[PDB]
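Okay, here we've got a single chain as structure tokens, the form deposited in one PDB entry, with questions on binding and movement later.
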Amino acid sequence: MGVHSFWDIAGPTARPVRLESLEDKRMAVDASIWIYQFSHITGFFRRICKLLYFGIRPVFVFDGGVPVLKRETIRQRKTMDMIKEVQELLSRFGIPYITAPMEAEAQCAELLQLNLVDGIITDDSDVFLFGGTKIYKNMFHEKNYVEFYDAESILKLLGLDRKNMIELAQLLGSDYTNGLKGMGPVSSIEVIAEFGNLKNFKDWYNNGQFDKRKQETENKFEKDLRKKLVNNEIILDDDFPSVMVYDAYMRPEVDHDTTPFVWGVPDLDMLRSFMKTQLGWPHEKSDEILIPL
């Protein structure tokens, strides 16, 4: 997920962290993203166990609904009784969960900004756009280490602040915008490097679009860029950059609740029962995995 291929750009700044080092950390986890995949009880259970195995204290976050901007965009790119059975599993695991007003990602970012969590576990790079600043990526790949990302390293090493990343999304694409046809990680980062921002990029493109001369006296990088935008027949309007896309990312609907989370030990019997009730499990299988933790 995320600004399409934004992870490609943020990429060079990742720093590998052993999962052992995460012991005792309060971590926001976007639950809705998991439900949108996972059978739905099995995946949760495995992932939850990996989490607890390493001593992570997770807070699961759920969507309170999908904003209109996100609905349109996903559709174009092409029971909730499952959500209950999973909050059942969580509660029986002692793990707290909240339902956000709108987006789990944006809410997750707010938990970090309020010191209710230490980091965000996510593979959705839109979390940077909503202002998330301490991201753990590839938590459920089969590895012993995870990739750590923070907004400061991105700032110092790449020269990209939060506004820059929202404008990167309007080139690359994301949960809110399709980006521009023909634009990927490298064209997009270079457009920001050359013009600083999208207004100067639109201006450069409209001012030379029919002025016969400037097009022949342009740098090579420009000459190739103009070509690609024209091949794709792109119209840079007064709608570009989008003010509403900027607004959805900069001020999303979020729950300023400042009440610290509480974590309980799991319950070895409520879980063994649970899995039997639903997944046709024995108390042998259940106990063998859990009891260690």
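Take the two forms, superpose them, and find the largest set of C-alpha atoms that agree within 1.5 Å; that set is the rigid core. Residues that one form lacks are left out of the comparison. In case it trips you up, residue 1 is the first one in the sequence shown, and so on.
Across the other entries compared, at least a third leave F210 without coordinates even though the residues on each side are present. Compared against other deposited entries of this protein, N144 counts as often unmodelled, lacking coordinates in at least a third of those that resolve the residues around it. The gap between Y53 and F54 holds no unmodelled residues of the deposited sequence.
According to the PDB entry, the deposited sequence runs on from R213 to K214 with no residue lacking coordinates between them. Higher average CA B factor: 79-87, of the stretches 79-87 and 188-196. Of the two segments, 147-155 and 88-96, the one listed with the higher mean B-factor is 88-96 (C-alpha atoms only). Per the PDB record, residue ranking by Cα B-factor puts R162 in the lowest third of the chain.
In the deposited entry, the Cα temperature factor of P241 sits in the bottom third of values across the chain's modelled residues. Among all modelled residues in its chain, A169 ranks in the lowest third by Cα B-factor. In the PDB entry, a CA B factor belonging to the middle third of its chain's modelled residues is recorded for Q107. Split the chain's modelled residues into thirds by C-alpha temperature factor. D267 is in the highest one.
Just so it is clear, the following notes concern the form deposited in another entry, a form of the same protein that is not shown.
Annotation: the position in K143, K199, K214, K163 displaced by at least 2 Å at CA between this form and the one not shown, with the core superposed, corresponds to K214.
In sequence order, 210-217 is the sole run of at least 3 consecutive residues whose Cα positions differ by 2 Å or more between this form and the one not shown once the rigid core is superposed.
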